[PDB]
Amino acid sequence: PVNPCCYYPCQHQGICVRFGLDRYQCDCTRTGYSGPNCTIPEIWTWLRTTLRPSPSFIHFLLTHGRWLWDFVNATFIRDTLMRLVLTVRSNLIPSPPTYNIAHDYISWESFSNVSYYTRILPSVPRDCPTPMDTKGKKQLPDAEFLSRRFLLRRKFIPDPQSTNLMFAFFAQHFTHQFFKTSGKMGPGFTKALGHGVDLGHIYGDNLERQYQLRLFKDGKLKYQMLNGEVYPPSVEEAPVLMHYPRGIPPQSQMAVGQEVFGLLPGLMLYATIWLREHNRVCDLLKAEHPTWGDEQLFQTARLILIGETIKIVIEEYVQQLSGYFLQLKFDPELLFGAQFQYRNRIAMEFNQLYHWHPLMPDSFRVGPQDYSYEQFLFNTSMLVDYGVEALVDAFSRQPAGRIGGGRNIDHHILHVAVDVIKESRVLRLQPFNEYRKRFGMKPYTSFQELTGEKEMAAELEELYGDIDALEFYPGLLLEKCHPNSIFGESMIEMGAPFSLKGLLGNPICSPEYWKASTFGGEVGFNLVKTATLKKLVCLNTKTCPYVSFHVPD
């Protein structure tokens, strides 16, 4: 008997449950709808859907009318809108978490065992004909044919929106503090148990690396000093597990907290500037707190860096991504009037969503010369050859690649985008239109409606067979971008809920932690409120390069 839950009968977050041998029931409890499929609207939900503008229309409002938004930003509405953004987005995500790679249902284990990635939509039941439910081919398209013919960069397409490499590296570094899929345990499992902005990519997955990384005097961290400049220490002085090539000297590695940050120079760059920041904050704390032991200087400085990070990510990072005239604002007090769970756990769909490799260029330009991937990847010397200044300046000037549209992944990195597709299939994610539905959107009715063109659309229909079978990652990357934006709507309406729920679910944003005492008094609390990217690189530097998430357009 065909498993009824593969027709996806339950609409609007209704929970499909199996009864008897061939029956099903939708749990519509607080879905706001009624009926056997959760399709009969309650009076208020009806009133809201009949008044609810198009997502692309609200994107239009936020991206037009500089005069109106000058007024909004200069008044209190700038706050109310922000509070609305935070609230309406974060509500789409379950809190506490619901599902994981092993359980398509609420369970105490999925709640307890934090080494799972969580899950927004359940799995595709294995007892169903199609691998995507019931629509599509009985075996769906090849992974590297999709990746090669639809994601492979033929010519470089720069970000229409100004995004630079100083941004993309920030996205990688920042992101790998909570995306640590362990090949040892398999797909849908994490080594980063913080599940948020804990700076586990600076301080480590465990207390071991942390102890082997900090200097234990004045709360600082261990550090080399090369050419008169401050850098991370080597495995000789701070011996911790870190992936490197098998031949480089030991005085040439560095110790950071994220095992992979030795590979790319941008990652180790951020490790450097953050570490300098931490030790500087330690200095500022000990200036006012001569009596504190080491570990309080450490923990307080860590909280200050967590605050600075969420601050910069919201007001500059997501600002650059959004293109909104509305100036986003990091004020945790905006949520003190709301029902909000200060708690995050990361979903499968959110790192698969976040694979933004098209941001990487054809080459890496530093100054007048040019480094290919083979020269840039794994390069041990470039980070210290050029001052941190010079690398920030060169990265913040070179454009980054557009993420949407398709055919904009360099051929070197392209293999990641293949594995993700295959990984999607092992994680058994639902069809693109089903996530599309769960994040408040309407499913596409044709491939040509998806891509906004006719060639890739025709071929996509030739491969998948039905739009309802398109896959999560592919369709998310082949969607048409908004006009002059860095990617289309699905990445907006899906990624934004995860990003904001993860940035403000941090307990430092709670009413309990969000006090000046938590950050060693007023100097550190204002140090979190006034943090900027320019302050972060420049305050830890001998000179100011061009530092920005956008090129000098």
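The first residue of the shown sequence is 1; numbering continues from there.
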Could you check the entry and say whether 420 to 428 or 86 to 94 has the higher mean CA B-factor?
420 to 428
Select between 355 to 363 and 241 to 249 the stretch whose C-alpha atoms have the higher average B-factor in the entry.
241 to 249
Residue with maximal Cα B-factor (values as given in the PDB entry) among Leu335, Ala469, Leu321, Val392:
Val392
Going by the entry, which of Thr309, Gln339, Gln139, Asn100 has the most elevated CA B factor?
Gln139
Sorting the chain's modelled residues by C-alpha B-factor, tell me whether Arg66 ends up in the lowest, middle or highest third.
highest
Third of chain Cα B-factors occupied by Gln398:
middle
Assigned third (lowest, middle, highest) for the C-alpha B factor of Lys454
middle
Would you please rank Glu434 by its C-alpha temperature factor against the other modelled residues of its chain and give the third it falls in: lowest, middle or highest?
middle
Per the entry's values, where does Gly387 land by CA temperature factor relative to the rest of its chain, in the lowest, middle or highest third?
highest
